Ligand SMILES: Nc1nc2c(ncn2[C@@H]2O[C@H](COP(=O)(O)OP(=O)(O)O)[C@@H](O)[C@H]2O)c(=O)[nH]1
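Starting off, we have a lone chain in the form solved without guanosine-5'-diphosphate (GDP), written out as structure tokens.
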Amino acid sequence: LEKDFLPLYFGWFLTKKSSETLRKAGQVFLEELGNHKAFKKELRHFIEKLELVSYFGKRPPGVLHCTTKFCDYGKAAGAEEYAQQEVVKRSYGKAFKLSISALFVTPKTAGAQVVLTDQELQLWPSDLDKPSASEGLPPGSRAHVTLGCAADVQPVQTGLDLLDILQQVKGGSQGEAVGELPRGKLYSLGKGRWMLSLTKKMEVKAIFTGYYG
């Protein structure tokens, strides 16, 4: 853990293979959504042929990851406490398996929903789970893997858009499957949100460690 020299943030970082399984899966999704009749209808609710791939190709270059605690080398609030935790120290470099339950896209971000296990939640902080919809959403609902971003969109947006998506998905206001994609059921949630509920949970290998950049 380097009890002294802290990273920019902790989190689960996907291996080279899992990273492309998810990365390429997220591309074909954006390729299907952009060519799907449902999405084409409500396009004015989302903005030529708007190729979603290029639209979401602004993510900061780097390895796909599910962040836990942003530390800023200890300058971020709570960083020192999180790193000094025994579970965090005893998990550095340990490999975990992250479950991807669904893909999603909004006018701002395009990400993947992560369903953390009981032990993975031991590393989930208790500050990154109380924005606006986290009240009534369970702990760890913000867990995600950012796959894409619009022009001026910070990756932190992806977690909030997920909570926005889940807040409606819980309220039964997602509606009915507007279509069945090869991977799962497409759902139109209005206000630009979309979800590909994966019929089969995508399993991705990931290592919990710190990133210094």
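Numbers for residues come from their place in the sequence shown, where the first is 1. Under this definition, the rigid core comprises the largest set of C-alpha atoms superposing within 1.5 Å between the forms. Only residues modelled in both forms are compared.
The following text describes the form solved in complex with guanosine-5'-diphosphate (GDP), which does not appear among the structures shown.
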property: guanosine-5'-diphosphate (GDP) contact in the deposited complex: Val156, any heavy atom under 4.5 Å; result: yes
property: Any non-hydrogen atom of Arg183 within 4.5 angstroms of guanosine-5'-diphosphate (GDP) in the deposited complex; result: no
property: Contact flag, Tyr187 vs guanosine-5'-diphosphate (GDP) in the deposited complex, heavy atom cut 4.5 Å; result: no
property: Partner contact for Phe70 in the deposited complex: guanosine-5'-diphosphate (GDP), 4.5 angstroms, heavy atom; result: yes
property: Option from 93-101, 139-147, 79-87, 115-123 whose residues, in the deposited complex, bring a heavy atom within 4.5 Å of guanosine-5'-diphosphate (GDP); result: 139-147
property: Single mover in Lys97, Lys130, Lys94, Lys89, with Cα shift of 2 Å or more between this form and the one not shown when the core is superposed; result: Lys130
property: Rigid core superposition, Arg59 Cα moves 2 angstroms or more between this form and the one not shown; result: yes
property: Cα-Cα trend for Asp129 and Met202, given that in the deposited complex the distance shifts by 3 Å or more; result: farther
property: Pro60 and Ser19, C-alpha gap in the deposited complex relative to this structure (3 Å or more); result: closer
property: Structural rearrangement between this form and the one not shown, runs of 3 or more with C-alpha shift of 2 angstroms or more, core superposed; result: 3-5, 45-47, 59-63, 127-136
